[PDB]
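All remarks here apply to the structure that follows.
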Amino acid sequence: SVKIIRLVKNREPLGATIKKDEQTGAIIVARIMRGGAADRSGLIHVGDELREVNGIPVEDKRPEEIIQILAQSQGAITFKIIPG
Amino acid sequence: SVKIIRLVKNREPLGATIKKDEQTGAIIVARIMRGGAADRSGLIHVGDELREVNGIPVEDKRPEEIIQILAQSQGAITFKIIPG
Amino acid sequence: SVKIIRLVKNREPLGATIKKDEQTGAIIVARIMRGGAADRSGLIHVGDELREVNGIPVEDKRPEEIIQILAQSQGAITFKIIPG
C-alpha cells in the first residue's frame, strides 16, 4: 500500500542509498546511515520501495537518474513508498 | 556555440541533474531544481549540453564520472556549455 | 598492504571521485579535488585502491552503490585502502 512521507534535508545528505532489483525492477532502500536525515525521521527503512520523489515517478527512469534526484534536491522532500 | 559560465555552490547541491543521450553521446542537463544553486544563477537550463566542468572535458568520460565531478566539487564551478 | 585511514566530512563533499578498473576489478581513487576534505586530510591520493568504507567491504558491490556510500555518509569516515 503506497504511503506519502516527507522529511527535510538541508546542507546534509539524505543518508540513504538505493538499489534497483534487477528481477523485479523495484527501486529499494538498501541502507540507512545511522544518525543521518533519513534515519532521524524514522519514516524510511531498508526494504522500502521508492515509487516517487517530489512527485517524480521512478517507474520510467534509470537508477543513475533517481540517485541524482535524491542528491541534487534540497529542503523538504516527499517520497511515495511501499513500506517493506 | 560554446559558452563559459561560472556559479558557486557551497554546502549545498548544484541542483541540476544530467543524462547522456545514448544516440548523440551528448551530456544534457535533464532537470534544474527550483531554488537550487543552478536555478538561482540563471545560467544553466534544461537542454543545455555540458562540454567541460572546471576545465575537465566530458567527451572522453562516462556519466558516472561526470556526475561525481559535479557532486564532489565545491565553491566556484565553471562549466563550458552549448546552450539549448 | 592495507592501511586504515579516517577523515571527517561535514556539510561538504568528500572531494574525491572513484572509478572501477574494469580489468582488475579494483575501485581506484581517480581524482582529489583541490582544497576538499580528502585533499586537506593528506591521507588519500589518486591511485589508491578502496577496500572498505566504514567497515563495508567493496569487493562484492557495484560502483553505483559504493559511490552512494561515499556521498550519503556524514561525519567521520573510515577507509581501508591499498596505497598507490
Side-chain angles (χ1 to χ4, degrees), chain A residues 7-10 12-17 33 35-38 40 53-54 67-77, chain B residues 4-10 12-18 27 29-33 35-46 48 50-58 61 63-79 81 83, chain C residues 6-10 12-18 29-33 35-46 53 67-77 79:
Chain A
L7 61 88
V8 176
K9 52 186 177 59
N10 276 132
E12 70 206 310
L14 179 59
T17 73
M33 276 63 181
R40 294 191 316 267
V53 183
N54 289 336
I67 294 162
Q68 286 180 82
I69 295 167
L70 297 176
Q72 294 298 318
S73 299
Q74 271 308 83
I77 182 165
Chain B
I4 296 163
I5 59 167
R6 185 174 176 86
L7 61 88
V8 176
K9 52 186 177 59
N10 276 132
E12 70 206 310
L14 179 59
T17 73
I18 59 172
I27 302 295
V29 176
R31 187 178 161 86
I32 295 289
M33 276 63 181
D39 185 33
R40 294 191 316 267
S41 75
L43 296 179
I44 189 164
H45 307 93
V46 172
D48 291 353
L50 302 186
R51 299 301 308 167
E52 304 188 0
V53 183
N54 289 336
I56 303 158
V58 300
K61 294 170 183 76
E64 191 153 67
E65 181 177 0
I66 303 302
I67 294 162
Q68 286 180 82
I69 295 167
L70 297 176
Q72 294 298 318
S73 300
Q74 271 308 83
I77 182 165
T78 297
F79 305 103
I81 65 169
Chain C
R6 185 174 176 86
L7 61 88
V8 176
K9 52 186 177 59
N10 276 132
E12 70 206 310
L14 179 59
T17 73
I18 59 172
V29 176
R31 187 178 161 86
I32 295 289
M33 276 63 181
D39 185 33
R40 294 191 316 267
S41 75
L43 296 179
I44 189 164
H45 307 93
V46 172
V53 183
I67 294 162
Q68 286 180 82
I69 295 167
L70 297 176
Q72 294 298 318
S73 300
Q74 271 308 83
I77 182 165
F79 305 103

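Side-chain atoms are counted along with the backbone in the values below, which use heavy atoms only and exclude waters and symmetry mates. Throughout, a chain's letter reflects where its sequence line sits, starting with A, and its residues are numbered from 1.
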Please confirm whether the backbone N or O of B/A38 pairs with a side-chain atom of B/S41, one donor and one acceptor, at under 3.5 Å?
yes

Least distance between heavy atoms, C/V29 atom then C/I18 atom
CA-CG2, 4.3 Å

Residues C/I77 and C/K9: closest non-hydrogen pair is CD1-CE, 4.0 Å

Could you report the tightest heavy-atom contact between B/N54 and B/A76, atom names first, then the distance?
OD1-O, 4.2 Å

For C/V8 versus C/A37, what's the shortest heavy-atom pair and its separation?
O-CB, 3.9 Å

Do the side chains of B/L14 and A/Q72 get nearer than 4.5 Å, heavy atoms only?
yes

Working to the nearest 0.5 Å, report the span between CD1 of B/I4 and CD1 of B/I81.
10.5 Å

Distance check, rounded to the nearest 0.5 Å: C/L7 atom CG versus C/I44 atom CD1?
7.0 Å

Counting distance only, does the side-chain N/O of B/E12 pair as donor-acceptor with the main-chain N or O of B/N10 below 3.5 Å?
yes

How far apart are the closest heavy atoms of B/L43 and B/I5, and which atoms are they?
O-CD1, 3.5 Å

Would you say B/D48's side chain and B/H45's backbone share a donor-acceptor pair under 3.5 angstrom?
yes

Of the non-hydrogen atoms in B/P13 and A/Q74, which two are nearest, and what is the gap between them?
CD-CD, 3.0 Å

State, yes or no, whether a side-chain contact exists between A/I69 and B/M33 at a heavy-atom distance under 4.5 Å.
yes

In Å and rounded to the nearest 0.5 Å, what is the CG to CD1 distance from B/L50 to B/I56?
11.5 Å

Keeping the roles fixed (side chain from B/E65, backbone from B/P63), state whether a donor-acceptor pair exists under 3.5 Å.
no

